[PDB]
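Overview (structure and organization)
Here's the letter readout for the chains.
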Amino acid sequence: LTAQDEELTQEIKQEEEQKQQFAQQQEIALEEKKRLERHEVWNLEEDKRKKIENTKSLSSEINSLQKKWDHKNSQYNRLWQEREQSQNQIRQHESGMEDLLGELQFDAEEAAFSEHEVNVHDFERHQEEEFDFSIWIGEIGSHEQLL
Amino acid sequence: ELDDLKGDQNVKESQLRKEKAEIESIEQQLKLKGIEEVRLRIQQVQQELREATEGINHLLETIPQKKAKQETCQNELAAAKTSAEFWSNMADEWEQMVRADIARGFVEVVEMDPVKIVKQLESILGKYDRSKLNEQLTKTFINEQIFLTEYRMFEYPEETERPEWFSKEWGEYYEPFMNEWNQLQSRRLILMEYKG
Amino acid sequence: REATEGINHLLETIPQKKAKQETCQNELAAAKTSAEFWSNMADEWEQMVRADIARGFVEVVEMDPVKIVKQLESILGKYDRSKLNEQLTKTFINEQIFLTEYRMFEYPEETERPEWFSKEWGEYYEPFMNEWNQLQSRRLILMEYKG
C-alpha cells in the first residue's frame, strides 16, 4: 500500500503536469487560432473534419449492425440445425417405438394380453398429444397380477 | 429480424457513401483558396487545439479521480499500518508469554522460534483440547490428594501482568485479539512440599 | 467561456462525487453485510439463550438481552468460565460422596455450527466466529434419581 501510495503520488502529480502542458498547448493554440482565422481556410478545414468524423461514425454504426447481424445469423443457422436434430430424434425414436410395438405385441401374444392391440390402436388414434398411458399401465399391471 | 437489420445496415452503408462524396466538395473550395503555407499552419494549430482540449478535459476528470484514489490509498495504508503495528506488538506479547513458561524449565525448548516451538509440540493439538485438559488436570489434582496429603500439594492460578499498551484503544476491530490473549493469559501452576 | 467553465467545474466535481459514491456504495454493501452478520450473531445468541431457558435452569423477565444483562449484570464481573466450570466439576466429585447411589452424570452441550457461518466474512468477523465457537459449549447435568 506504501508502494501504491508512492505510485499514486507520482501519478497524480504527473497527470497535473500533463494538465499544465495541455493548458499551455491549448492557450497557444487558441491565441494562434485568433490570428489564423483571418482567411476562409480554417472554417473549410473544420467542416471537412466534421464530414470525415460523420463518415467515421457511419462506418462504426455499419460495423455495429454487421456484428449484431452476424451474431443473429450464426444463431439462426444453429437453430436450423437444432430443428433438424430434433427431427432426427423424432425419426430415431419413432422407428424404435415401431419396433417396440412389434415387441410389445409379441409379449402380449405370449402372455395373451388382448388389450395390447386395442390400446395400441387407441394410441394411434390419439398420438397427436400427451397420450395418457396410466390406464395402459394399470391394465398390464392387473394382467401381470393375474399371471 | 435478420432482413430488417440487414436493410438498416444497407441504408447506413448508402449514407456512408453519400457523406464521403460531400467531403470532396469542401476540398474543391479549399483548393481554390489553395494557400498551402496558410493551410499547413492552420492544420497544425487545429490539431494542437484539439489535442490540448482533449487532454485538459480528460485530465480534469481523471486528476480528481486519482486524488480520491490517493485518499483511499492513504486511508487503507493507515489501517494497514495500524494492523502491522498491532500485530508486531501482539507477536512480541505472545513472545513474552511463551518466554515466561519456558523459563520454568518444566518444558524444554529446542529453539526459541515460535514456528520451531510449534513444530516441536504440534502433536498435542491432536491429543487434547483446552476444556478437556483443564478438566483432567482438576481430576488429577483431586485424585492425587489421596496419597500425598502429607506433602500438602497445592495449585494456584498463575497469571501474567497485562502489558500496558493493551490499554490503548486500538478500536473495535482489535478488541477481539486483546480479549483472546487476556482470556488465555491465565494458567495454572502446582507446587508440592517434599522433605522441607 | 461560461459553458466551458461550467463543464470544467462539473468535470472536476463529478469524478470526486462519483468516487465518493463508489466508496459509499462499497461501505454500504459492507454495512449491510455487517448488519446481516450481526443479526445472525444476535440470533445465534438468541437460540443459545432460548435453549438455556427451555431447560428452565434460569428464570428471566422476558426473552430480551437488555433486561437479562441488567438482572445478571454483576456475575460476569465476578467469575470467569474456566473457574466456574472447574469448581462445578469439583462440586460434582465431592457431592458424589453423598449422592453416589444416584449415579450422577454430566454431558456437554454443543451447537451444530450453523451453516450461515460458511459465507466467509474474514478479517473483521473472523475473531467473533472463533470466539463464539469456543464459548458456545456449555456443560449439562442429568441425574439418575430413583431410576
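Residues numbered from 1 in each chain as written, not as in the entry; some residues may be left out. Chains lettered and ligands numbered in written order. Part of a larger assembly, values for the part shown. Heavy atoms only, no water.

What the entry reports as its method is cryo-EM, with 6.71 Å given for the resolution.

Here we take up the packing of aromatic side chains. All chains considered together, the criterion is met by 35 aromatic pairs over all chains. Pairing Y173 of chain B with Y124 of chain C gives two aromatic rings, centres 6.3 Å apart and planes at 15 degrees, and the pair type is stacked. Of this pair, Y173 of chain B sits in the loop between strand 1 (154–158) and helix 5 (175–184) while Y124 of chain C sits in the loop between strand 1 (104–109) and helix 5 (126–135), which puts the two residues in different chains. Centre to centre, the rings of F37 of chain C and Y125 of chain C are 4.4 Å apart; their planes meet at 70 degrees, and the pair counts as edge-to-face. Here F37 of chain C is found in helix 1 (residues 2–55), whereas its partner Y125 of chain C is found in the loop between strand 1 and helix 5, with 88 residues between them in sequence. In terms of burial, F37 of chain C and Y125 of chain C fall into one category: buried. (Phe/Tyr/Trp six-rings, centres within 6.5 Å; stacked < 30°, edge-to-face > 60°. Helix = DSSP H or I, 4+ residues; strand = E, 2+ residues; numbered from the N terminus. Buried < 20%, exposed > 50% of the residue type's maximum accessible area, 1.4 Å probe, protein only.)

Backbone geometry places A112 of chain A, a non-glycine residue, at a positive phi of 55 degrees. One can find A112 of chain A in the loop between helix 2 (41–111) and helix 3 (115–125). Positive phi is not limited to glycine here, since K146 of chain C has a value of about 55 degrees. Tracing the chain through its elements places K146 of chain C in the segment after strand 2 (138–143). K146 of chain C sits in the exposed class, given a relative accessible area of 66%.

As a further point, take the interface of chain C and chain B. Each partner contributes to the interface: chain C provides 17 residues, whereas chain B provides 19 residues. Each partner contributes to the roughly 1600 Å² buried at the junction of chain C and chain B, and carbon and sulfur atoms together form 63% of this total. For the pair chain C and chain B, the interface holds 0 salt bridges. Counting across the chain C and chain B interface gives 2 residue pairs in polar contact. With 7 residues, the top contributor of residues to the side of chain C that touches chain B is helix 1 of chain C. (Contact = heavy atoms within 4.5 Å. Buried area = accessible area lost by both parts, 1.4 Å probe. Salt bridge = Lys/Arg side-chain N within 4 Å of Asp/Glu carboxyl O. Polar contact = N/O pair within 3.5 Å; in protein donor to acceptor, adjacent residues only side chain to side chain.)

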